[PDB]
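Here is the file final.txt (compact mmCIF, N, CA and C atoms).
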# COMPACT_ATOMS: atom_id res chain seq x y z
N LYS S 1 -59.99 -26.59 -40.27
CA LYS S 1 -58.69 -26.26 -39.71
C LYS S 1 -58.06 -27.49 -39.05
N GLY S 2 -58.31 -27.63 -37.75
CA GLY S 2 -57.79 -28.74 -36.97
C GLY S 2 -57.98 -30.09 -37.62
N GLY S 3 -56.94 -30.64 -38.24
CA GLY S 3 -57.03 -31.99 -38.76
C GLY S 3 -57.39 -32.09 -40.24
N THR S 4 -57.60 -30.95 -40.88
CA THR S 4 -57.86 -30.98 -42.32
C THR S 4 -56.58 -31.24 -43.11
N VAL S 5 -56.75 -31.74 -44.33
CA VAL S 5 -55.65 -32.02 -45.24
C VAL S 5 -55.92 -31.29 -46.54
N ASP S 6 -54.94 -30.52 -47.01
CA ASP S 6 -55.08 -29.84 -48.29
C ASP S 6 -53.74 -29.73 -49.00
N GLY S 7 -53.73 -29.03 -50.12
CA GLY S 7 -52.51 -28.85 -50.89
C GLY S 7 -52.06 -27.40 -50.85
N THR S 8 -50.75 -27.21 -50.90
CA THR S 8 -50.19 -25.86 -50.90
C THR S 8 -48.93 -25.81 -51.74
N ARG S 9 -48.64 -24.64 -52.29
CA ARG S 9 -47.37 -24.43 -52.97
C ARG S 9 -46.45 -23.56 -52.12
N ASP S 10 -46.87 -23.31 -50.88
CA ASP S 10 -46.07 -22.52 -49.94
C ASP S 10 -44.97 -23.39 -49.36
N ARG S 11 -43.80 -23.30 -49.98
CA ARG S 11 -42.67 -24.15 -49.67
C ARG S 11 -42.09 -23.84 -48.29
N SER S 12 -42.44 -22.67 -47.74
CA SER S 12 -41.95 -22.26 -46.43
C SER S 12 -42.81 -22.83 -45.30
N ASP S 13 -43.99 -23.34 -45.66
CA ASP S 13 -44.91 -23.89 -44.68
C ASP S 13 -44.38 -25.20 -44.10
N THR S 14 -44.04 -25.19 -42.82
CA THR S 14 -43.48 -26.37 -42.17
C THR S 14 -44.45 -27.55 -42.11
N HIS S 15 -45.74 -27.28 -42.31
CA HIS S 15 -46.75 -28.34 -42.26
C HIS S 15 -46.73 -29.28 -43.46
N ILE S 16 -45.88 -28.99 -44.45
CA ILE S 16 -45.76 -29.88 -45.61
C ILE S 16 -44.73 -30.99 -45.38
N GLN S 17 -44.06 -30.97 -44.23
CA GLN S 17 -43.04 -31.96 -43.95
C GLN S 17 -43.63 -33.24 -43.36
N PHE S 18 -43.17 -34.37 -43.88
CA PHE S 18 -43.66 -35.67 -43.46
C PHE S 18 -42.55 -36.62 -43.05
N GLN S 19 -42.95 -37.58 -42.24
CA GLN S 19 -42.11 -38.73 -41.94
C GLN S 19 -42.82 -39.96 -42.47
N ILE S 20 -42.10 -40.78 -43.23
CA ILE S 20 -42.67 -42.03 -43.70
C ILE S 20 -42.13 -43.15 -42.82
N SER S 21 -43.02 -43.87 -42.15
CA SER S 21 -42.57 -44.96 -41.28
C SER S 21 -43.21 -46.28 -41.66
N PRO S 22 -42.44 -47.37 -41.53
CA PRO S 22 -42.97 -48.71 -41.83
C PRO S 22 -44.10 -49.09 -40.89
N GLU S 23 -45.13 -49.71 -41.44
CA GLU S 23 -46.19 -50.30 -40.64
C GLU S 23 -46.26 -51.78 -41.01
N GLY S 24 -45.48 -52.60 -40.32
CA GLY S 24 -45.37 -53.99 -40.68
C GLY S 24 -44.36 -54.19 -41.79
N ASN S 25 -44.71 -55.03 -42.76
CA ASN S 25 -43.75 -55.48 -43.77
C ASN S 25 -43.80 -54.74 -45.12
N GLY S 26 -45.00 -54.45 -45.62
CA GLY S 26 -45.13 -53.83 -46.94
C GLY S 26 -45.89 -52.51 -47.01
N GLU S 27 -46.20 -51.92 -45.86
CA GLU S 27 -46.98 -50.69 -45.81
C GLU S 27 -46.29 -49.59 -45.01
N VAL S 28 -46.79 -48.37 -45.16
CA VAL S 28 -46.21 -47.23 -44.44
C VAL S 28 -47.30 -46.35 -43.84
N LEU S 29 -46.90 -45.55 -42.87
CA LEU S 29 -47.74 -44.47 -42.37
C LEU S 29 -47.12 -43.18 -42.89
N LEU S 30 -47.96 -42.19 -43.14
CA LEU S 30 -47.50 -40.89 -43.61
C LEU S 30 -47.83 -39.88 -42.53
N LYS S 31 -46.82 -39.50 -41.76
CA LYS S 31 -47.01 -38.69 -40.57
C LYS S 31 -46.51 -37.27 -40.74
N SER S 32 -47.37 -36.32 -40.40
CA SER S 32 -46.99 -34.91 -40.34
C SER S 32 -45.92 -34.69 -39.28
N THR S 33 -44.77 -34.17 -39.69
CA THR S 33 -43.68 -33.91 -38.76
C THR S 33 -44.08 -32.95 -37.65
N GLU S 34 -44.78 -31.88 -38.02
CA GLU S 34 -45.04 -30.77 -37.10
C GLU S 34 -46.21 -31.01 -36.15
N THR S 35 -47.17 -31.84 -36.55
CA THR S 35 -48.37 -32.02 -35.73
C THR S 35 -48.51 -33.44 -35.18
N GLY S 36 -47.77 -34.39 -35.75
CA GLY S 36 -47.87 -35.77 -35.32
C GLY S 36 -49.10 -36.52 -35.84
N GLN S 37 -49.86 -35.89 -36.73
CA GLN S 37 -51.04 -36.54 -37.31
C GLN S 37 -50.67 -37.42 -38.49
N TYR S 38 -51.38 -38.55 -38.60
CA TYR S 38 -51.25 -39.45 -39.73
C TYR S 38 -52.30 -39.14 -40.77
N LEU S 39 -51.90 -39.21 -42.04
CA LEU S 39 -52.84 -39.09 -43.14
C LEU S 39 -53.79 -40.27 -43.13
N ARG S 40 -55.06 -39.99 -43.35
CA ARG S 40 -56.10 -41.00 -43.36
C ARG S 40 -57.01 -40.80 -44.57
N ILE S 41 -57.29 -41.86 -45.32
CA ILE S 41 -58.35 -41.79 -46.32
C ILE S 41 -59.57 -42.55 -45.79
N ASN S 42 -60.65 -41.82 -45.58
CA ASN S 42 -61.87 -42.41 -45.06
C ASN S 42 -62.63 -43.14 -46.17
N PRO S 43 -63.40 -44.17 -45.80
CA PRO S 43 -64.14 -44.91 -46.83
C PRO S 43 -64.94 -44.01 -47.79
N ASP S 44 -65.39 -42.84 -47.33
CA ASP S 44 -66.17 -41.93 -48.19
C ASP S 44 -65.33 -41.04 -49.12
N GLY S 45 -64.01 -41.22 -49.09
CA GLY S 45 -63.13 -40.52 -49.99
C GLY S 45 -62.55 -39.25 -49.39
N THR S 46 -63.07 -38.84 -48.23
CA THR S 46 -62.50 -37.67 -47.56
C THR S 46 -61.14 -38.04 -46.98
N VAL S 47 -60.26 -37.06 -46.91
CA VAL S 47 -58.92 -37.26 -46.38
C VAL S 47 -58.70 -36.27 -45.24
N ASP S 48 -58.25 -36.79 -44.10
CA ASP S 48 -57.99 -35.94 -42.96
C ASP S 48 -56.82 -36.49 -42.17
N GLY S 49 -56.52 -35.86 -41.04
CA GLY S 49 -55.46 -36.32 -40.16
C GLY S 49 -56.02 -36.88 -38.87
N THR S 50 -55.35 -37.89 -38.34
CA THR S 50 -55.74 -38.47 -37.07
C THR S 50 -54.50 -38.82 -36.26
N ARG S 51 -54.62 -38.77 -34.94
CA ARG S 51 -53.55 -39.25 -34.08
C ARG S 51 -53.94 -40.57 -33.46
N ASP S 52 -55.02 -41.16 -33.97
CA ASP S 52 -55.45 -42.47 -33.49
C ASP S 52 -54.62 -43.55 -34.16
N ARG S 53 -53.63 -44.04 -33.42
CA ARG S 53 -52.68 -45.02 -33.93
C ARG S 53 -53.36 -46.35 -34.27
N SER S 54 -54.55 -46.59 -33.70
CA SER S 54 -55.29 -47.83 -33.96
C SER S 54 -56.14 -47.75 -35.23
N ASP S 55 -56.15 -46.59 -35.88
CA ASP S 55 -57.00 -46.38 -37.04
C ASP S 55 -56.54 -47.27 -38.19
N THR S 56 -57.49 -47.91 -38.87
CA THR S 56 -57.19 -48.87 -39.92
C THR S 56 -57.04 -48.20 -41.29
N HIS S 57 -57.28 -46.90 -41.33
CA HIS S 57 -57.28 -46.18 -42.60
C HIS S 57 -56.08 -45.27 -42.78
N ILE S 58 -55.06 -45.49 -41.97
CA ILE S 58 -53.82 -44.72 -42.06
C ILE S 58 -52.70 -45.48 -42.76
N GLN S 59 -52.96 -46.73 -43.15
CA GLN S 59 -51.93 -47.55 -43.79
C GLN S 59 -51.92 -47.35 -45.29
N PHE S 60 -50.75 -47.06 -45.84
CA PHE S 60 -50.60 -46.83 -47.27
C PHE S 60 -49.59 -47.78 -47.91
N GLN S 61 -49.78 -48.02 -49.19
CA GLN S 61 -48.78 -48.70 -50.00
C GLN S 61 -48.25 -47.71 -51.02
N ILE S 62 -46.93 -47.62 -51.12
CA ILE S 62 -46.31 -46.74 -52.10
C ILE S 62 -45.94 -47.59 -53.30
N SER S 63 -46.48 -47.25 -54.47
CA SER S 63 -46.17 -47.99 -55.69
C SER S 63 -45.47 -47.12 -56.72
N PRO S 64 -44.37 -47.63 -57.28
CA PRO S 64 -43.58 -46.94 -58.30
C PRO S 64 -44.35 -46.79 -59.61
N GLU S 65 -44.32 -45.59 -60.17
CA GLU S 65 -45.09 -45.27 -61.37
C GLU S 65 -44.15 -44.95 -62.52
N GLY S 66 -42.85 -45.05 -62.25
CA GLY S 66 -41.84 -44.69 -63.23
C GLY S 66 -41.58 -43.20 -63.22
N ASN S 67 -40.43 -42.81 -63.76
CA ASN S 67 -40.04 -41.41 -63.84
C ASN S 67 -39.95 -40.75 -62.47
N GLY S 68 -39.64 -41.56 -61.46
CA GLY S 68 -39.46 -41.05 -60.11
C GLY S 68 -40.76 -40.69 -59.41
N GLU S 69 -41.88 -41.11 -59.98
CA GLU S 69 -43.19 -40.85 -59.37
C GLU S 69 -43.75 -42.09 -58.69
N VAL S 70 -44.62 -41.86 -57.71
CA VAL S 70 -45.29 -42.94 -56.99
C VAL S 70 -46.77 -42.65 -56.86
N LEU S 71 -47.55 -43.71 -56.64
CA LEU S 71 -48.92 -43.57 -56.17
C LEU S 71 -48.94 -43.89 -54.68
N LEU S 72 -49.87 -43.25 -53.97
CA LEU S 72 -50.01 -43.43 -52.54
C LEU S 72 -51.39 -44.02 -52.30
N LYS S 73 -51.44 -45.33 -52.08
CA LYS S 73 -52.71 -46.04 -52.06
C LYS S 73 -53.06 -46.50 -50.65
N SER S 74 -54.26 -46.16 -50.19
CA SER S 74 -54.75 -46.63 -48.90
C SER S 74 -55.06 -48.11 -48.97
N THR S 75 -54.44 -48.89 -48.10
CA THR S 75 -54.56 -50.34 -48.17
C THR S 75 -55.99 -50.81 -47.89
N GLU S 76 -56.65 -50.15 -46.96
CA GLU S 76 -57.97 -50.57 -46.52
C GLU S 76 -59.06 -50.35 -47.56
N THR S 77 -58.99 -49.24 -48.31
CA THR S 77 -60.07 -48.89 -49.23
C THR S 77 -59.67 -48.89 -50.70
N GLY S 78 -58.40 -49.12 -50.99
CA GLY S 78 -57.93 -49.14 -52.36
C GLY S 78 -57.96 -47.78 -53.05
N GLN S 79 -58.12 -46.72 -52.27
CA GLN S 79 -58.16 -45.36 -52.82
C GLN S 79 -56.78 -44.73 -52.89
N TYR S 80 -56.50 -44.06 -54.00
CA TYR S 80 -55.27 -43.30 -54.19
C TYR S 80 -55.46 -41.88 -53.69
N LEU S 81 -54.43 -41.34 -53.03
CA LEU S 81 -54.46 -39.94 -52.65
C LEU S 81 -54.39 -39.06 -53.88
N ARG S 82 -55.20 -38.00 -53.86
CA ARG S 82 -55.32 -37.08 -54.97
C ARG S 82 -55.27 -35.64 -54.46
N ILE S 83 -54.49 -34.78 -55.11
CA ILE S 83 -54.60 -33.35 -54.87
C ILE S 83 -55.25 -32.69 -56.08
N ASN S 84 -56.41 -32.09 -55.85
CA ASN S 84 -57.16 -31.43 -56.91
C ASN S 84 -56.61 -30.04 -57.19
N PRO S 85 -56.81 -29.54 -58.42
CA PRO S 85 -56.29 -28.21 -58.75
C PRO S 85 -56.75 -27.12 -57.78
N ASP S 86 -57.91 -27.29 -57.15
CA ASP S 86 -58.40 -26.28 -56.20
C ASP S 86 -57.76 -26.38 -54.80
N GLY S 87 -56.84 -27.33 -54.64
CA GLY S 87 -56.12 -27.50 -53.39
C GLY S 87 -56.77 -28.46 -52.42
N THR S 88 -57.97 -28.94 -52.73
CA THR S 88 -58.57 -29.97 -51.89
C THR S 88 -57.85 -31.30 -52.09
N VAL S 89 -57.91 -32.15 -51.07
CA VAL S 89 -57.29 -33.46 -51.11
C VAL S 89 -58.35 -34.50 -50.80
N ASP S 90 -58.45 -35.52 -51.64
CA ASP S 90 -59.39 -36.60 -51.40
C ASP S 90 -58.84 -37.89 -52.00
N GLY S 91 -59.67 -38.93 -51.99
CA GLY S 91 -59.27 -40.22 -52.53
C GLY S 91 -60.04 -40.59 -53.77
N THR S 92 -59.41 -41.37 -54.64
CA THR S 92 -60.08 -41.90 -55.83
C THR S 92 -59.56 -43.29 -56.13
N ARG S 93 -60.43 -44.15 -56.66
CA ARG S 93 -60.01 -45.47 -57.10
C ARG S 93 -59.60 -45.48 -58.56
N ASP S 94 -59.72 -44.33 -59.22
CA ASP S 94 -59.44 -44.25 -60.65
C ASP S 94 -57.95 -44.08 -60.90
N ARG S 95 -57.31 -45.17 -61.30
CA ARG S 95 -55.87 -45.19 -61.52
C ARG S 95 -55.44 -44.34 -62.72
N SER S 96 -56.39 -43.92 -63.56
CA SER S 96 -56.07 -43.09 -64.72
C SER S 96 -56.12 -41.60 -64.37
N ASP S 97 -56.51 -41.29 -63.14
CA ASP S 97 -56.59 -39.91 -62.70
C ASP S 97 -55.19 -39.30 -62.76
N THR S 98 -55.07 -38.09 -63.29
CA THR S 98 -53.76 -37.48 -63.47
C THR S 98 -53.22 -36.81 -62.21
N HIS S 99 -54.02 -36.79 -61.15
CA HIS S 99 -53.67 -36.05 -59.95
C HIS S 99 -53.20 -36.93 -58.81
N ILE S 100 -52.92 -38.19 -59.10
CA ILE S 100 -52.56 -39.15 -58.06
C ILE S 100 -51.07 -39.49 -58.06
N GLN S 101 -50.32 -38.94 -59.02
CA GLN S 101 -48.87 -39.15 -59.08
C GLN S 101 -48.14 -38.18 -58.17
N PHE S 102 -47.29 -38.72 -57.31
CA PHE S 102 -46.51 -37.90 -56.39
C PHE S 102 -45.02 -38.04 -56.59
N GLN S 103 -44.29 -36.99 -56.24
CA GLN S 103 -42.85 -37.06 -56.12
C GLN S 103 -42.52 -36.95 -54.64
N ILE S 104 -41.79 -37.93 -54.12
CA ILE S 104 -41.30 -37.86 -52.75
C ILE S 104 -39.89 -37.31 -52.79
N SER S 105 -39.65 -36.23 -52.06
CA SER S 105 -38.34 -35.61 -52.08
C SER S 105 -37.85 -35.25 -50.69
N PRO S 106 -36.53 -35.27 -50.49
CA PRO S 106 -35.97 -34.83 -49.21
C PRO S 106 -36.14 -33.33 -49.07
N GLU S 107 -36.64 -32.88 -47.92
CA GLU S 107 -36.77 -31.46 -47.65
C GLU S 107 -35.38 -30.84 -47.50
N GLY S 108 -34.46 -31.59 -46.90
CA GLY S 108 -33.12 -31.11 -46.64
C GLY S 108 -32.79 -31.19 -45.16
N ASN S 109 -33.83 -31.26 -44.34
CA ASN S 109 -33.66 -31.33 -42.89
C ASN S 109 -33.91 -32.73 -42.32
N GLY S 110 -34.12 -33.69 -43.20
CA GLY S 110 -34.36 -35.07 -42.79
C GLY S 110 -35.78 -35.55 -43.03
N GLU S 111 -36.70 -34.62 -43.22
CA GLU S 111 -38.09 -34.95 -43.49
C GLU S 111 -38.29 -35.12 -45.00
N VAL S 112 -39.49 -35.50 -45.42
CA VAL S 112 -39.77 -35.57 -46.85
C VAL S 112 -40.97 -34.72 -47.22
N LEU S 113 -41.03 -34.33 -48.49
CA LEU S 113 -42.16 -33.63 -49.06
C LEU S 113 -42.91 -34.56 -50.00
N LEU S 114 -44.23 -34.39 -50.07
CA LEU S 114 -45.09 -35.19 -50.93
C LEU S 114 -45.75 -34.25 -51.94
N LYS S 115 -45.22 -34.21 -53.15
CA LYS S 115 -45.66 -33.23 -54.13
C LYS S 115 -46.43 -33.88 -55.26
N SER S 116 -47.63 -33.38 -55.50
CA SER S 116 -48.39 -33.86 -56.64
C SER S 116 -47.86 -33.22 -57.91
N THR S 117 -47.39 -34.06 -58.82
CA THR S 117 -46.67 -33.61 -60.00
C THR S 117 -47.53 -32.75 -60.92
N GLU S 118 -48.79 -33.13 -61.07
CA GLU S 118 -49.67 -32.47 -62.02
C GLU S 118 -49.85 -30.99 -61.69
N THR S 119 -50.00 -30.69 -60.40
CA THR S 119 -50.35 -29.33 -60.00
C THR S 119 -49.23 -28.62 -59.24
N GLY S 120 -48.18 -29.36 -58.91
CA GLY S 120 -47.07 -28.80 -58.15
C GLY S 120 -47.46 -28.42 -56.74
N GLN S 121 -48.50 -29.06 -56.20
CA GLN S 121 -48.91 -28.81 -54.83
C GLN S 121 -48.36 -29.85 -53.86
N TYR S 122 -47.95 -29.39 -52.68
CA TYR S 122 -47.50 -30.28 -51.62
C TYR S 122 -48.64 -30.64 -50.68
N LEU S 123 -48.66 -31.88 -50.22
CA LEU S 123 -49.60 -32.28 -49.18
C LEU S 123 -49.28 -31.60 -47.87
N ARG S 124 -50.33 -31.20 -47.16
CA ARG S 124 -50.22 -30.52 -45.88
C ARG S 124 -51.28 -31.05 -44.93
N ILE S 125 -50.89 -31.43 -43.71
CA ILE S 125 -51.89 -31.67 -42.67
C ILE S 125 -51.92 -30.47 -41.73
N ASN S 126 -53.09 -29.85 -41.61
CA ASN S 126 -53.22 -28.69 -40.75
C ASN S 126 -53.46 -29.13 -39.32
N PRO S 127 -53.03 -28.30 -38.35
CA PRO S 127 -53.18 -28.68 -36.95
C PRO S 127 -54.66 -28.82 -36.62

Would you mind writing the file's structure down as C-alpha cells?
Amino acid sequence: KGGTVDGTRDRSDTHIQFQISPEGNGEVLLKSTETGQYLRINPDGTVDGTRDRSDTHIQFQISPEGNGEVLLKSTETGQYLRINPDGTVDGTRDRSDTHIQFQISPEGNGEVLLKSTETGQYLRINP
C-alpha cells in the first residue's frame, strides 16, 4: 500500500496524476501530484515511491521513441520503467521489451498522465 507503484486503468483515480520537474539540465523527476512521492527504480528492479529528495534513484531521462511515445529510463541504473500486463510495475534493461513505451498526456487540470501503450495502464503511486 503505502509507497507502492502499480498500473491502473481507473481514469478517475487521482493517484495517476504526475508532475514532471527538471532535475538539473537533462533529467527529470516524476512526482505523484496527490502524495508528493517520487518514482524510484531500485537497483534490484523494484519500483516504489519515496519522498527522500536526496535519493539517487529518482532521476529519469525521457527519450523519444517516435509516434508520440517515450521511454522512461532511470539514470542511475539504466533501467526502463515497465508496466506488466498484471498491473505490476518494475524496471528492465531490455530495450526490446514491449511494455516500456509510454504516452505522456495532459490530464486537463495541469498534471500529466503516464500511460503504457501496450496495456493501456496508467502509472500510479499509492499513498

Per-axis box centre and lengths in Å around range 86-93 of chain S, 5 Å margin per side, axis-aligned, as lines of an AutoDock Vina configuration file:
center_x = -58.3
center_y = -35.9
center_z = -54.7
size_x = 14.3
size_y = 29.2
size_z = 17.8

Work out how far apart atom C of residue 113 in chain S and atom C of residue 18 in chain S are and give it in Å to one decimal.
-> 7.3 Å

Neighbours of range 59-69 of chain S within 6 Å (only N, CA and C atoms; same-chain residues fewer than 2 positions away dropped), as a PyMOL selection string?
-> chain S and resi 26-29+56-57+71-76+101-103

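Between residue 115 in chain S and the residues S:100, S:80, S:1, S:43, the shortest atom-to-atom distance, using only N, CA and C atoms, involves S:100.
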
Around the point (-44.2, -34.5, -45.6) in the file's coordinates, collect all residues with an atom within 7 Å, using only C-alpha atoms, and return them as a ChimeraX atom specification.
-> /S:16-19,32-33,111-114,123

Choose the residue, out of S:55, S:118, S:107, S:97, that has the smallest atom-to-atom separation from residue 85 in chain S; count only N, CA and C atoms.
-> S:118

Name all residues at most 6 Å from residue 58 in chain S (count only N, CA and C atoms; drop same-chain ones fewer than 6 positions away) and give them as a list in words.
-> residues 28, 29, 30, 38, 39, 40 and 41 of chain S
